[PDB]
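Read off the chains here:
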Amino acid sequence: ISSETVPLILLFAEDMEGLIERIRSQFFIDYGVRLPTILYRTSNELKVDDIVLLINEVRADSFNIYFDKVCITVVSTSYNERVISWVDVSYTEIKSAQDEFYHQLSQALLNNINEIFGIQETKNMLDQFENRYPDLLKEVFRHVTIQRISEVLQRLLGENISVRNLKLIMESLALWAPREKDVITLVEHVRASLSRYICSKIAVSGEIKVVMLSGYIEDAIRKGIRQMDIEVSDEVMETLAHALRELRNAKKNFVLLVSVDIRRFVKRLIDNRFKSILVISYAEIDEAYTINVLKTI
Amino acid sequence: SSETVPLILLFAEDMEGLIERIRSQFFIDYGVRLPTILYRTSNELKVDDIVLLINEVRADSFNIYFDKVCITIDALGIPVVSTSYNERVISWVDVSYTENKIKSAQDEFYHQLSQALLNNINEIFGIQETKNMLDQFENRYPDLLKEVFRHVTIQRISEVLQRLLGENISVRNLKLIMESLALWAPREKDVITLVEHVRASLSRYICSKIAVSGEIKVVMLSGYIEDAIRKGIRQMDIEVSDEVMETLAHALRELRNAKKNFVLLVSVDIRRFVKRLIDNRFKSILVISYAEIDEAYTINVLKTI
Amino acid sequence: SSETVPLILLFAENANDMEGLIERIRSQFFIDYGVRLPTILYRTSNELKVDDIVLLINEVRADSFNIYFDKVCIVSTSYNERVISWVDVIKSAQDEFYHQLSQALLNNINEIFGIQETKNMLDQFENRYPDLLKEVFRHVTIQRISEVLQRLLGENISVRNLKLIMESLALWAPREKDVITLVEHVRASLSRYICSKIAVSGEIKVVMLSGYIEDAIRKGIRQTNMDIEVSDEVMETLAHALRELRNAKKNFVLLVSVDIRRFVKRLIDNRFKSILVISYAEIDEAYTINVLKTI
């Protein structure tokens, strides 16, 4: 007799447990979230390369990974509308098959983090945090509730930001929570204090390849804001989508650079159509980093 | 493994003695007990390349030749391998040419590292770090601590202390900072203005660190430029035109490129606003007000922007 | 050390009699002002001259002195724009050094005497006068008592008679909320002590102010806490008259109105600190008033 649904199930085709524990370990290093124990079971309906992620016994995401062969950025497959090329282990003499599966799996987990990381997961994290920083925890609890801390942490993970440096997140909250009430704008302040980390994960050889917005498109989104939620015309949406599709199909790795006030609203307009792209504001850009503009939409 | 390591110093492919000397001197010069620094080696890095990592993220890169000296001369025929930190060029001379000021290699690395730590003090010094400092201070001054806690919270005391260190002001003389807070916190309820009151009471210390042989090399501001920044205040935020910004940047660059160490003397009401206009462009120039300059100190004006 | 050394005295690189001198200075400061000074650190420097002495408050340079311990003064040196002459073996070498050092300590009394120093003083006071202490704490905070005591010391007034200071506070604190105005009331109750230190053979040498200059300072009082701001013309007229009296053997005290005495001191303190500002409410009876000049 059961009581509740099993949180994580990795469906495979008809050493494996070592991989599951390696993913659980790396996700804690990369994002600072203690993942639940993943259940492994074989299915006859699946293909030799097919891997299906199940969150609360419901299908969440499908994966195509060839464990006996390495891959580069010839067999081709796509994840988040981005094509990946797979080649044999002999032609390499580049990212490993196990490391690429983790990258695809981690993104799917962050997209459905609301089912994995919650208020109870935040409390257990804050209980351990109390042992080293109890007075910092007291100043935070004075203005924001456990639900508010859980919401801020979940919103950061949804846009690929590590909560491992909770001390810096709590320090930002303890400073801005007596000033701001809105959680969405409170997350933006936490992002500003994490500008050095944000730049580090999106920079390659010191430079950041950005795709900025034109004065017209920037002002069109600014007016689309209504009292909290964004609503823009199909003409502005098509001009933005076509430009992003032109860069994604060309296989260009980039980050969208927009204004501070519209950053949260721009993300909502692309969230469903484009998932792999990250939206960063000017306030989240740190010095000593070379800003390279690729295209102005 | 649940926590991110606070400090990592990556070196080239006795060392612990240097790390502890930095930790000791930082507490003497600023009154902040630094976390234990981790020593690591890398084949990717050069011989002189030293990179500082705050919470496993790259913070600052340094170029120090531990088998040489420093001087702020070279045209008379000396093998000089010059480098730069905070847009200020530093000349490296061999220990053989010393016998002819002179700065040590490990002392230069400390001066460069200590500046980088104060620029990222929000990740090293916080509310928990101040509470531990105030609890030790309680054994000495319990009633002084009570009068301060009557008006300002642990977060506000942490904010004041962080804002002072961010402009190279030591928190070792906490008694004077607390005495200044206990007097002004019942009157002023704004952190940025409260820090300015603590700065004015620390005028003797500020002047002592920026003066050479009882003389402060200041760079004044003209009536027009001073008035232009005054109207830049909207709410609190500062916003000025590109023309006024270029006039201030060109004159500062002219005095920075040409070997000249100075301080910027401005009005009390715009001191905090002038700092925000230059800190992102230039980080080695200190902003001082007329209330912060103590008597019996020779004021030497170099330029008026 | 976690905390900076409160007092350091650097001397010439030349006996253990120096420790006797430090303790004599510490004892006399409590007799003259009633403040228990922190233990002064004795150090020697090869950079300093045979006559040079440097005072350090919180490991920062505060004041420099020129004293000849083998001579007697009445070679020439100057302190606070006032000149003095030394001669071979009237004022003693250690007694004149104390006068110069004690003045420098009162100019930086905020870094030596604070809330905790006031609390330790009030705790000893509680053992003798507990009900008088209770009436003061009913209206005045520890910070305000510490501030009142600091304002008096900065104007060369002893806090030894804490009873009379507390008695004055208990009477005026339920009436007045301004700390600056509260100190003015303490000075009025200390009128007998003030006159006793500024008078020689029962005569007070005063330098009064003209109706015009008195009204000029009265007009310069702004509500921007209140601050004083007057024109350069009135400032130069006041400075030139004070300078003329100083470049001449003149020992005087400035006598002005009660309403402006706190603002008149502010305009002088920035330039000259040796000259004292006293109000008409502070001059005690049976004391001869000698008007030297009217600015």
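Structure first, text after, so check above.
Residues numbered from 1 in each chain as written, not as in the entry; some residues may be left out. Chains lettered and ligands numbered in written order. Part of a larger assembly, values for the part shown. Heavy atoms only, no water.

1. A few points about the packing of helix α5 (residues 154-165) of chain B against helix α7 (residues 191-201) of chain B
Residues and elements named next belong to chain B.
Stage number 1. In contact at an axis separation of 10 Å, α5 and α7 are set at 60° when each is read in the N-to-C sense. In terms of orientation, α5 and α7 fall into the oblique class. In this structure, α5 meets α7 at a crossing whose hand is right-handed. Between α5, through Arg156, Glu159, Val160, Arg163 and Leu164, and α7, the contact on the second element is made entirely by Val191, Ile192, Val195, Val198 and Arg199.
Stage number 2. Considering only residue class, the contact of α5 with α7 consists of 6 nonpolar, no polar and 4 charged. (Axes fitted to C-alpha atoms, helices over the stretch in contact; angles between N-to-C directions. Helix = DSSP H or I, 4+ residues; strand = E, 2+ residues; numbered from the N terminus. Parallel < 35°, antiparallel > 145°, perpendicular 65-115°, else oblique. Left-handed = near helix turned anticlockwise from the far one by under 90°. Contact = heavy atoms within 4.5 Å. Nonpolar A, V, L, I, M, F, W, Y, C, P; charged D, E, K, R; others polar.)

2. Examining the interface of chain B and chain A
Stage number 1. Counting from both sides, the interface comprises 24 residues of chain B and, opposite them, 21 residues of chain A.
Stage number 2. Carbon and sulfur atoms supply 44% of the area buried between chain B and chain A, which totals about 2,100 Å² over both sides.
Stage number 3. Where chain B touches chain A, the interface holds 5 salt bridges.
Stage number 4. In this structure, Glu129 of chain B and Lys167 of chain A form a salt bridge, with 3.7 Å as the shortest nitrogen-oxygen distance.
Stage number 5. In this assembly, chain B and chain A are joined by 13 residue pairs in polar contact.
Stage number 6. Those elements giving two or more residues to the side of chain B that touches chain A turn out to be β4 (57-63), α3 (127-138) and α5 of chain B.
Stage number 7. Taken together, the residues of the side of chain B that touches chain A sort by class into 5 nonpolar, 12 polar and 7 charged. (Buried area = accessible area lost by both parts, 1.4 Å probe. Salt bridge = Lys/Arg side-chain N within 4 Å of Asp/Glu carboxyl O. Polar contact = N/O pair within 3.5 Å; in protein donor to acceptor, adjacent residues only side chain to side chain.)

3. Some words on the sheet that holds strand β4 (residues 58-64) of chain A
Two pairing modes exist for strands in a sheet, parallel and antiparallel, and in both the strands are linked by backbone hydrogen bonds.
All names here are of chain A.
Stage number 1. Pairing within the open sheet is mixed, and its 4 strands lie in the order β2-β1-β3-β4. Every interior strand has two partners, whereas the edge strands, β2 (39-43) and β4, have only one. Adjacent strand axes in the sheet meet at a mean angle of 25°, parallel and antiparallel pairs treated alike.
Stage number 2. Relative to β2, strand β1 (residues 8-13) is paired through 5 bridges, and the arrangement is parallel. Residue pairing in the sheet places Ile9 in a bridge with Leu39 of β2. (Pairing = 2+ DSSP bridges.)

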